[PDB]
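Shown next, in structure tokens, is the structure this report addresses.
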Amino acid sequence: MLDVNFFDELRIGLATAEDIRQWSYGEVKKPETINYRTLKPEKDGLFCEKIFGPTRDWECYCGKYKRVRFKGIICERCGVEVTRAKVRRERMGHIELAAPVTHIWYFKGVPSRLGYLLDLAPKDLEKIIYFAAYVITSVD
Amino acid sequence: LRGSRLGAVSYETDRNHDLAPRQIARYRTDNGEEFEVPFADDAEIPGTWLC
Amino acid sequence: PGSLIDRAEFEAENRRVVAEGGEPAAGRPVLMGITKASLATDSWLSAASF
Amino acid sequence: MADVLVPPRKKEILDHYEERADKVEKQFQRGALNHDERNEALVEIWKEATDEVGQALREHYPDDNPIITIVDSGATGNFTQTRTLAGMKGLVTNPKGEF
Amino acid sequence: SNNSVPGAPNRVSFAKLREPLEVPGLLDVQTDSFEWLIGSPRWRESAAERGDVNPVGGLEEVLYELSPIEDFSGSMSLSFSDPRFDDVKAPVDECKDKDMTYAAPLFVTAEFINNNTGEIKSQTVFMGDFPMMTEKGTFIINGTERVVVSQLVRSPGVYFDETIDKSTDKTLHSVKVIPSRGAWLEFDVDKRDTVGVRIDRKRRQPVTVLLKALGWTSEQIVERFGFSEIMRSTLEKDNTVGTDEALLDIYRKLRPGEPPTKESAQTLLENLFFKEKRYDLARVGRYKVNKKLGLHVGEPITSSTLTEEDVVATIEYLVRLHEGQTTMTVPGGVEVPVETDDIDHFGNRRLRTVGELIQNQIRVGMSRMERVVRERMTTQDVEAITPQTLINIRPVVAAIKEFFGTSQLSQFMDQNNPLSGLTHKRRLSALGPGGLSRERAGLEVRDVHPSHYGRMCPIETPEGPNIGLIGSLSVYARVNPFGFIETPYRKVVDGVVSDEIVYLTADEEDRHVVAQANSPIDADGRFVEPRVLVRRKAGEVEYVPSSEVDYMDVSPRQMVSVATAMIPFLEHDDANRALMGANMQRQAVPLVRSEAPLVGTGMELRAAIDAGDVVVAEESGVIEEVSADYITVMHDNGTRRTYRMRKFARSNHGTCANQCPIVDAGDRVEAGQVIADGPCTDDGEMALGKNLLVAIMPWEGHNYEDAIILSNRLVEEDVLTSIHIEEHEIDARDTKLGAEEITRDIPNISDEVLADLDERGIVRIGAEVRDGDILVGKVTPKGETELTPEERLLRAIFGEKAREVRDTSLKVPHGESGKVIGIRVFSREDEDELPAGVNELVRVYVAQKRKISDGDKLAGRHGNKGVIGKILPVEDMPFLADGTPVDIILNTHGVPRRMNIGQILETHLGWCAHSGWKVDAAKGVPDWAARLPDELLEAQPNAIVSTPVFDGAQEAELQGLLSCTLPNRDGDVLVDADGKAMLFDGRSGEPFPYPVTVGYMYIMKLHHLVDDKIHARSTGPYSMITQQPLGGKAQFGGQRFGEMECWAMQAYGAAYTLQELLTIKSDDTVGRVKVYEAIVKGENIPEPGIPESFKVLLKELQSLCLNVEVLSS
Amino acid sequence: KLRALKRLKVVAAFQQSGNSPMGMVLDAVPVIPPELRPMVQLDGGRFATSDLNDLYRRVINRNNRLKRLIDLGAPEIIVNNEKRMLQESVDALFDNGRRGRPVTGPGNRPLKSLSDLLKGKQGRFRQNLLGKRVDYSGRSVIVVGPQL
RNA sequence: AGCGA
Ligand SMILES: [Zn+2]
């Protein structure tokens, strides 16, 4: 993540669910951003400090250990790790889906990558992944 | 036309000289996974934690 | 067949494959336009940015 | 404007080429040729007229005249700009590209 | 021999001709259009004079086409009538000051009727406030001043054209009947000769199908179309036959998926081509079609819908176009020539004016209102409702407001000088809604079709990426009620040139043949030479005998706009530089003195009094009382009237707008006379600059490549100086922590700078301010934030209060100064209209007197622009033998290659006018002066002169005038017959070895001043999502070091400088502060980190489930 | 053979690398850091979201609705419809306007999904890579300096 | 949205 001018390769790659949930620092599961009245990020929402880092340098959501001397530790009650307020620029989240979902680029962009991998026509694969037709995936 | 954020500049650079003495706690999940969270000397460790 | 590859890589491949059983891949020079030349480069970052 | 001298023979040149233009126009009126052929003939005739006028101007100007001085020095400007300042503008293009 | 304005100075003209028709009201194109929209009695009587039969305003028209509105039941209906205004609710100056929109209410008599039971419910419904055009042809919105620009749009109607097919080399003719709010039909001939008929962009149909659908089944096709060879060919390609057979098949194609029932097919054709409510070629389209096919010779214009006669005539005309028929004598109408139409010929390119645009917007708003009305017209209970409960005016007022604000035709008033104020009006813009944007507005429409002559100037057009898209109306042009551009002409009968002025559109222009004004008229209407220059329909130019001429131009300078018409000797200048000069004549700035030009045109007085910014004596009388503020006129019958001035009012571009009187207390004035000069006006006529002594020699390289040198005399005597007024604003608003307060109890600041502030915040009027000074002491809460220990102990030692209210006072921005003219303060305590959460609004007006400084832009009236290379002292300037220094020195090398010797002729004639002449006609008149007007044989020093643009000073006449140029004070003819003079070098001393051209040239100061351009940044604000430095001089920002600059650097190979410019000057967020620290401490610059846009890119790619990673080896 | 070539392309592409094709279908969708989709308040309380927050919402609401539906026990029609809406929400999140009608916002304006942040002239690959504003800079009109 | 090179 953080290094020096040491550079020899930039490797792109298709990511996997284990990689995503290893990337993330928390699991956002509420469709809220800010409390309308106090104008502070909600807990467990799209902008929660516990998941995405403080908005205030060396400060915590419940004002427990707001000082540099307290760094790297997590405030036990509110749960917001105390650090600099630019980790929000970098820390990511993840959403665990109750149902797997196909990526769009590899389905729709002509030529269809799933179509070529599974030897399926796009016209008939849309009917599958959009719940318009069934698919037999095994035979005895 | 401008804007701001509810943040603290806290111009303090960094200090590795004195770090509020802190141990590290660990709360294993339901599937054999461990996620260490550091806690201070004065920290009151929870019985269980959101890992 | 029909794919376009760099001359140096073509020749190096032929040099490698003359050993371990000799078969030449038949190549012909092409004159390709600059748009396709630029797009068919080796670095993915530049092609994406283009 | 005193230093922008006009070519004295311009009116005579103009009448000489105007007579040819009139003759080509008359031949078109009498049906001897079509519309595009007469247009081409007028274009060539007026090109000849432009060249003659430019030649007369060039041989008319002295060497110390500031305009021909700046031109012949190569400082800036081609002789056509002098020709069009004094003498003849020549042919002017259509919006489509014709003359 | 000008007239009208009694006080217009006696400006002698070189006009050899006499114009019959006076210049029209230059702002009619706005005023008359708006009064047509309203229905003013003046417009009523004018229409009575010129087409009485149907006097109808735009409102009345929209309300009539709306009325009645009926429910699907048809048991009840609603109607409108009698649009009516009240007086405006507040005057012009008050609306401009208090930011109100200058408007007046609308009252419409609504009328609900119930069919089954039978009643009328009539009211007078407040429709909404409506913006009103002022006297100057402009609107006032939110206080700001806005102009609606007339829009050029293709007229609806029937257009014929053919393409060549290189695969078959056959003419393929077609037709496009494109109406307003309708459908697109395309009758055409295929590569195989067949009359393909594409309907609403749907696969071309055999015409026989559509004729059967029309009821003209194959039998009736034979009945009517007999010569139509392709018609019988397609009677074989008909692929079917029968009225209902073709109707069902075609209707299946027309409405696929819906049952192809004959009933719905019939209803579909009716509802799409004959239901006015759903379809309309409006009045303009009906007139165009009925004149192109000659259906109705003179039938009153109505029935804004297509006719079956119309469609069959269209088909017959198109086949005849492929047959190349000479004309079509339509049965029951007149032979019309079978010619294909153009798309830029002004017979097809109409002009929506303010009236048409506002009417269209009102129509759309009423469509929305109507949908709501008919919706609730069923839900609401009957016997209980009324138009008050039915009508909704919210969408109508919203539509009008959304038009006037935030529309690319409701343009900001561009008034930096009175000429620009005039010229932004009368402007024609081909880009707009329902118009061609620059994406589709390619070169094809940017040329000058020969139909523009007398209707649209070919010269004026912005030099930017709009060349041809934006033009200006000609001088004499007038607007056809149907949106076309009529032009005056002098008709000539049997070689006798009458004075009956008939106005012709482009179609009649093409029909007839047009002569020239500058022709030898022999004082009787009779031409002299038989072979006369003339124009033919296709723009051709011929020598017709003097018998077939039926029309002759009203005058020269008919093809030119207003601004361009003011360029003297225009005919000598090239089109490119003349265009530049016209575009820069609108950019002058009002000087403090505003001396009139020596050499001019006729269009300095008329284009001044019609500009609006000059006070005009409404009715004759005498003067009672004058001041610097108001003039009281005593009319000949009892009444007095006070004309209030406008002193030091800020314009829309920060320039002064002073108005100063010119009369004396005892003077008598007559109606229509100039009574007070405006910003750039002098004794009535335009004054866009100053008359300066000019020399044309290259001096010490300073005037190298368009640079200009001025004397220190202009700086000293204040010849070129511009007053500029800037507006700063601040609002004390409400917040979460409390309420913001304007006051004096500011946080830490010495009382030294609080001397200027008044007892209650804002600064005292007149106190000079410098960059960074305070203007409005204003403080806002900051809540509680724990302090750093260092500042805590600083407060402990220096005993300074926390001052929990942080301070964000109004500081005058960097690089600005000047005096404080006025302070306009609002308040909630005064119950003034403030937006929500705002307690107190205050604006302060700063002003400066910018003197002419090197780097500013000056230009002549010939496009000979240039920045100022240097301002020398007055002594080191080439001075004449009389000790008079020249004032500016232009460069020679720019004259010949730019083909604008108009400046040279202007210089010579200006010197002639300055010195004064006397043609000694001792023995008769000299040869050159034979055809000069009287009282030009002599003139006085500093005597004003005018040369109309295309009939002006001849070269022989100029030589003759320069020959005798009577001496200044001693016997010294400083400028010889050639027009040059011996200059002495002011610097070294020796005379120049060759005589040098000198004269008086009129030049203007352009609005591109150095103070408004110079900009710098060491470290300032930053962007939000990306951490780049901001942009714009409004902010600090930096200069975009763009991709080509990157390429330049790479080509040089300066890798380290590239790294610096792209990492630690723009985006390395932790590197910028480190660099600043190192620079202040004197250390070395640190190594760059990683750019911020790159990290952003990485995070988006990882958000896209793309595993991007960096690998060491 | 032509189709075999076209397919063998991607097939051998997957075979050669250590890439499993399981990642083509997705189970955990990542969420971009908030400062890259900020809601910055303007002076006056007029908040300024980044147009990705509404999409992330849509996915969160539909996912939670699916979770509750499966917990509660719902008919096949409702559950499959919900899975379809979840699919559409994810496709809109990744590239709005690709499949079917683009998801509009207020004023019938299409929203700016992640793909739109890179595609076209306004992508990151241009706006901040075709040039940047730079500190320690300035500009001015120029005049001729013959004595220099 | 308008404008300068
Ligand atoms: Zn806490």
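Going by the structure tokens order, chains are called A, B, ..., each with residues numbered from 1, while ligands are numbered from 1 in the order shown.
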
Test item: residues lying within 7 Å of ligand 1 with only C-alpha atoms (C1' of nucleotides) and all ligand atoms, as a ChimeraX atom specification: /A:60-65,75-80

Using only C-alpha atoms, I'd like a table of the residues in chain A that come within 12 Å of chain C; for each, show the closest atom pair and its distance in Å rounded to one decimal, ordered by chain and ascending number, as a tab-separated table.
residue	atom	partner	partner_atom	distance
A:9	CA	C:43	CA	10.5
A:10	CA	C:45	CA	8.8
A:11	CA	C:44	CA	9.5
A:12	CA	C:44	CA	8.8
A:13	CA	C:44	CA	11.5

Taking 6 positions as the minimum chain separation for residues in the same chain, which residues sit within 10 Å of range 103-110 of chain F when counting only C-alpha atoms (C1' of nucleotides)? Answer as JSON, numbers by chain. {"F": [51, 54, 55, 88, 89, 92, 93, 95, 96, 97]}

Print the selection's residues with C-alpha atoms to a file, as a PDB file, in the first residue's frame.
ATOM      1  CA  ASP F  51     -24.009  10.542  -6.861  1.00  0.00           C
ATOM      2  CA  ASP F  54     -27.526   6.905  -3.928  1.00  0.00           C
ATOM      3  CA  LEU F  55     -26.351   3.844  -5.876  1.00  0.00           C
ATOM      4  CA  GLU F  88     -29.972  -4.535 -11.709  1.00  0.00           C
ATOM      5  CA  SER F  89     -28.807  -2.385  -8.802  1.00  0.00           C
ATOM      6  CA  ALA F  92     -26.230   0.192 -12.390  1.00  0.00           C
ATOM      7  CA  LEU F  93     -23.578   0.689  -9.704  1.00  0.00           C
ATOM      8  CA  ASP F  95     -21.978   0.855 -15.286  1.00  0.00           C
ATOM      9  CA  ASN F  96     -25.223   2.818 -15.384  1.00  0.00           C
ATOM     10  CA  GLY F  97     -26.809   3.013 -18.817  1.00  0.00           C
TER      11      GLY F  97
END

Show me, as a ChimeraX atom specification, the residues of chain B whose atoms get within 9 Å of chain F, using only C-alpha atoms for the distance check. /B:1-5

Mind listing the helix (DSSP H, G or I) residues of chain D, per DSSP on the backbone, as an MDAnalysis selection string? chainID D and resid 10:29 35:60 66:72 79:85

Would you kindly report the residues of chain E within 12 Å of chain C, using only C-alpha atoms, as a PyMOL selection string? chain E and resi 1094+1097-1098+1101+1108

Give me the residues within 12 Å of range 31-38 of chain D as a PyMOL selection string, counting only C-alpha atoms (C1' of nucleotides) and dropping any in the same chain fewer than 4 places off. chain D and resi 20-27+42-45+98-99

Grab the residues selected above and save them as a tab-separated table (two decimals), in the first residue's frame with N, CA and C atoms.
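New file again_26.tsv:
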chain	number	residue	atom	x	y	z
D	20	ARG	N	-12.00	40.36	-74.69
D	20	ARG	CA	-12.02	38.91	-74.77
D	20	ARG	C	-13.13	38.32	-73.91
D	21	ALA	N	-13.34	38.87	-72.72
D	21	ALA	CA	-14.45	38.42	-71.89
D	21	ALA	C	-15.77	38.61	-72.61
D	22	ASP	N	-15.95	39.77	-73.26
D	22	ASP	CA	-17.16	40.03	-74.01
D	22	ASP	C	-17.34	39.03	-75.15
D	23	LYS	N	-16.26	38.71	-75.85
D	23	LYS	CA	-16.36	37.77	-76.96
D	23	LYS	C	-16.73	36.38	-76.47
D	24	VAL	N	-16.12	35.92	-75.37
D	24	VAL	CA	-16.49	34.62	-74.82
D	24	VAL	C	-17.95	34.62	-74.38
D	25	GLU	N	-18.38	35.70	-73.73
D	25	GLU	CA	-19.77	35.80	-73.31
D	25	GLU	C	-20.70	35.74	-74.51
D	26	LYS	N	-20.36	36.46	-75.58
D	26	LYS	CA	-21.18	36.45	-76.78
D	26	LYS	C	-21.26	35.05	-77.38
D	27	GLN	N	-20.13	34.35	-77.43
D	27	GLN	CA	-20.13	32.99	-77.96
D	27	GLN	C	-21.01	32.07	-77.12
D	42	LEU	N	-13.69	32.32	-69.01
D	42	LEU	CA	-13.57	33.59	-68.28
D	42	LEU	C	-12.53	33.48	-67.18
D	43	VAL	N	-12.50	32.34	-66.48
D	43	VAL	CA	-11.53	32.17	-65.40
D	43	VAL	C	-10.12	32.31	-65.94
D	44	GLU	N	-9.83	31.62	-67.05
D	44	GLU	CA	-8.48	31.69	-67.62
D	44	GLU	C	-8.16	33.09	-68.11
D	45	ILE	N	-9.12	33.76	-68.75
D	45	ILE	CA	-8.87	35.10	-69.26
D	45	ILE	C	-8.53	36.05	-68.12
D	98	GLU	N	-15.43	27.08	-55.99
D	98	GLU	CA	-15.22	27.53	-57.36
D	98	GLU	C	-14.79	29.00	-57.36
D	99	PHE	N	-14.65	29.56	-58.56
D	99	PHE	CA	-14.26	30.95	-58.74
D	99	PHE	C	-15.45	31.74	-59.28

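Close contacts of residue 327 in chain E, defined as residues with an atom at most 9 Å away when counting only C-alpha atoms (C1' of nucleotides), with chain neighbours fewer than 6 positions off set aside, comprise residues 317, 320, 335, 336, 337, 338 and 339 of chain E.
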